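As provided, data-v2.cif (mmCIF, C-alpha atoms) reads as follows.
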data_query
loop_
_atom_site.label_atom_id
_atom_site.label_comp_id
_atom_site.auth_asym_id
_atom_site.auth_seq_id
_atom_site.Cartn_x
_atom_site.Cartn_y
_atom_site.Cartn_z
CA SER A 60 0.00 0.00 0.00
CA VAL A 61 2.97 2.34 0.52
CA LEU A 62 4.04 2.16 -3.13
CA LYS A 63 1.61 3.44 -5.77
CA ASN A 64 3.55 3.17 -9.06
CA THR A 65 5.45 0.07 -7.99
CA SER A 66 6.08 -1.66 -11.35
CA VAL A 67 8.60 -3.82 -9.46
CA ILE A 68 6.79 -5.49 -6.53
CA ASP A 69 5.54 -8.35 -8.70
CA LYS A 70 9.04 -8.94 -10.09
CA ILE A 71 10.67 -9.08 -6.65
CA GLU A 72 7.81 -11.22 -5.32
CA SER A 73 8.37 -13.76 -8.11
CA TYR A 74 12.15 -13.62 -7.64
CA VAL A 75 11.88 -14.48 -3.94
CA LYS A 76 9.25 -17.12 -4.75
CA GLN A 77 11.74 -18.84 -7.07
CA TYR A 78 14.72 -18.34 -4.73
CA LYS A 79 13.69 -19.98 -1.43
CA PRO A 80 14.97 -23.43 -2.55
CA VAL A 81 18.54 -22.16 -2.84
CA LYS A 82 20.07 -25.66 -3.05
CA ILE A 83 20.12 -28.98 -1.23
CA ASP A 84 21.67 -28.84 2.23
CA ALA A 85 24.91 -30.80 2.57
CA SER A 86 24.17 -32.69 5.82
CA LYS A 87 26.89 -35.12 4.74
CA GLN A 88 29.12 -35.19 7.83
CA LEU A 89 29.41 -38.99 7.56
CA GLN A 90 32.56 -39.75 5.55
CA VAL A 91 35.59 -38.48 7.51
CA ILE A 92 33.86 -37.41 10.72
CA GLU A 93 32.45 -40.91 11.18
CA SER A 94 35.87 -42.53 10.66
CA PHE A 95 37.50 -40.08 13.08
CA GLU A 96 34.82 -40.87 15.66
CA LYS A 97 35.12 -44.64 15.18
CA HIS A 98 38.86 -44.45 15.81
CA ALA A 99 38.00 -42.14 18.72
CA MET A 100 35.93 -44.61 20.73
CA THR A 101 38.10 -47.59 19.73
CA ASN A 102 41.42 -46.32 21.00
CA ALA A 103 39.62 -44.42 23.79
CA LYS A 104 38.33 -47.71 25.21
CA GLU A 105 41.85 -49.08 24.76
CA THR A 106 43.28 -46.18 26.78
CA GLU A 107 40.58 -46.53 29.44
CA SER A 108 41.47 -50.20 29.86
CA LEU A 109 45.21 -49.50 30.06
CA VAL A 110 44.86 -46.67 32.59
CA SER A 111 42.52 -48.84 34.66
CA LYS A 112 44.97 -51.74 34.81
CA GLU A 113 47.82 -49.31 35.52
CA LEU A 114 45.81 -47.95 38.45
CA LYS A 115 45.24 -51.47 39.78
CA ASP A 116 48.95 -52.24 39.42
CA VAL B 1 40.93 -31.16 11.22
CA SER B 2 40.50 -33.43 14.23
CA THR B 3 41.27 -31.90 17.62
CA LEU B 4 44.13 -33.13 19.77
CA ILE B 5 43.31 -36.03 22.05
CA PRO B 6 45.48 -36.10 25.22
CA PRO B 7 43.42 -38.54 27.34
CA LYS B 8 42.78 -40.55 24.17
CA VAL B 9 46.53 -40.70 23.46
CA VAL B 10 48.04 -42.26 26.59
CA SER B 11 49.05 -45.62 25.12
CA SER B 12 52.49 -44.28 24.15
CA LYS B 13 52.64 -41.50 26.75
CA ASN B 14 53.90 -42.66 30.15
CA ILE B 15 54.40 -40.96 33.51
CA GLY B 16 57.28 -38.64 32.68
CA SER B 17 60.55 -40.46 32.06
CA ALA B 18 61.96 -41.55 35.43
CA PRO B 19 58.67 -42.82 36.98
CA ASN B 20 58.03 -45.29 34.15
CA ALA B 21 61.67 -46.38 34.29
CA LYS B 22 61.39 -47.13 38.02
CA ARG B 23 57.89 -48.63 37.81
CA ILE B 24 59.28 -51.98 36.63
CA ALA B 25 61.93 -51.83 39.36
CA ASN B 26 59.44 -51.18 42.17
CA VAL B 27 56.58 -53.43 40.99
CA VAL B 28 58.55 -56.69 41.32
CA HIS B 29 60.72 -55.74 44.32
CA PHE B 30 57.66 -56.08 46.59
CA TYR B 31 56.10 -59.06 44.80
CA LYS B 32 58.19 -62.15 45.65
CA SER B 33 59.31 -61.49 49.21
CA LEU B 34 58.56 -62.84 52.67
CA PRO B 35 55.53 -61.20 54.35
CA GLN B 36 56.92 -60.78 57.88
CA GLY B 37 59.96 -62.61 59.24
CA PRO B 38 59.19 -65.85 57.42
CA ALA B 39 61.75 -68.67 57.43
CA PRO B 40 63.95 -67.57 60.36
CA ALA B 41 66.23 -70.62 59.88
CA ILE B 42 67.45 -70.20 63.45
CA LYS B 43 67.95 -73.92 64.11
CA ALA B 44 71.48 -75.07 63.27
CA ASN B 45 73.86 -77.51 65.01
CA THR B 46 76.93 -78.67 63.07
CA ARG B 47 79.67 -77.70 65.55
CA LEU B 48 80.34 -74.62 63.43
CA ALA B 49 76.57 -74.18 63.10
CA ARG B 50 76.20 -75.10 66.78
CA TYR B 51 78.47 -72.15 67.55
CA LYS B 52 76.43 -70.08 65.08
CA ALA B 53 73.13 -70.78 66.86
CA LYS B 54 74.60 -70.94 70.39
CA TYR B 55 77.10 -68.12 70.99
CA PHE B 56 78.12 -66.73 67.59
CA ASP B 57 74.58 -65.43 67.02
CA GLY B 58 74.42 -61.79 65.98
CA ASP B 59 71.79 -60.76 68.54
CA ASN B 60 74.51 -60.08 71.13
CA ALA B 61 77.85 -61.42 69.78
CA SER B 62 79.64 -59.94 72.79
CA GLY B 63 83.15 -60.78 73.99
CA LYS B 64 81.96 -63.85 75.91
CA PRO B 65 82.44 -66.24 72.94
CA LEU B 66 85.88 -64.70 72.41
CA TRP B 67 86.77 -65.22 76.08
CA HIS B 68 85.53 -68.82 75.94
CA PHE B 69 87.61 -69.45 72.81
CA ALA B 70 90.66 -67.95 74.52
CA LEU B 71 90.05 -70.15 77.57
CA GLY B 72 89.86 -73.25 75.39
CA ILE B 73 92.99 -72.22 73.49
CA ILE B 74 94.97 -71.69 76.70
CA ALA B 75 93.64 -74.97 78.13
CA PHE B 76 94.95 -76.82 75.07
CA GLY B 77 98.19 -74.83 75.16
CA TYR B 78 98.84 -75.84 78.76
CA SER B 79 98.91 -79.51 77.74
CA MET B 80 100.91 -78.65 74.62
CA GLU B 81 103.54 -76.86 76.74
CA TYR B 82 103.60 -79.76 79.20
CA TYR B 83 104.35 -82.03 76.25
CA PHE B 84 107.00 -79.66 74.85
CA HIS B 85 108.38 -77.58 77.73
#
Starting from the file, lay out its structure as structure tokens.
Amino acid sequence: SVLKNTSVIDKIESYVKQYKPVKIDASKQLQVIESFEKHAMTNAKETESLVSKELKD
Amino acid sequence: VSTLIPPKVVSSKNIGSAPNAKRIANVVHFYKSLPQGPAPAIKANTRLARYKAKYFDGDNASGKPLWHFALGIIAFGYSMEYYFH
């Protein structure tokens, strides 16, 4: 209602309407992060076991 | 890009340098030993061992065994001198 001789509000409306799907989100943190984490818990359990037996000794 | 992992890397890291070196020394020094005064082995009587467990014991080891030995030596020497002189 503020603009009277807009001549552009339809164009920008359509441009935003066609722009909201910018691209597909990556969400693919499962190729090097997963391997790092797997190694993480594996040798972390190893270290927990060794420090535990060292404490008992 | 992974962060450092101190408590996750302890397999190769030991307690300084000297403590891990002396850990092996101290772990087995207290393992295979008598608990408290086991195996006194006080009993012994083989003339020499009889002296060991009778007068030559280290609990006192005073001059009394020495005086007794001197008395025996002079007693034998009296007869030896009677034979000779």
Subject >> Resolved residues for the PyMOL selection byres ((chain A) within 7 of (chain B)) as a PyMOL selection string >> reply: chain A and resi 102-103+106
**OP:** Name every residue that the PyMOL selection byres ((chain B and resi 56) around 12) selects in this structure, writing the answer as a ChimeraX atom specification with chains first and numbers rising.
**Re:** /B:42,44-45,47-55,57-66,68-69
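With only C-alpha atoms as the atoms that count, the residue of A:69, A:96, A:79, A:87 with the shortest distance to residue 3 (chain B) is A:96.
Between CA of residue 37 (chain B) and CA of residue 115 (chain A) the separation is 26.8 Å.
Of the listed residues (B:18, B:80, B:24, B:4), B:24 comes nearest to residue 113 (chain A); the distances count all atoms listed in the file.
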**OP:** Kindly give the distance, in Å, that separates CA of residue 25 (chain B) and CA of residue 105 (chain A), rounded to a single decimal.
**Re:** 25.0 Å
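As for CA of residue 13 (chain B) and CA of residue 104 (chain A), they are spaced 15.7 Å apart.
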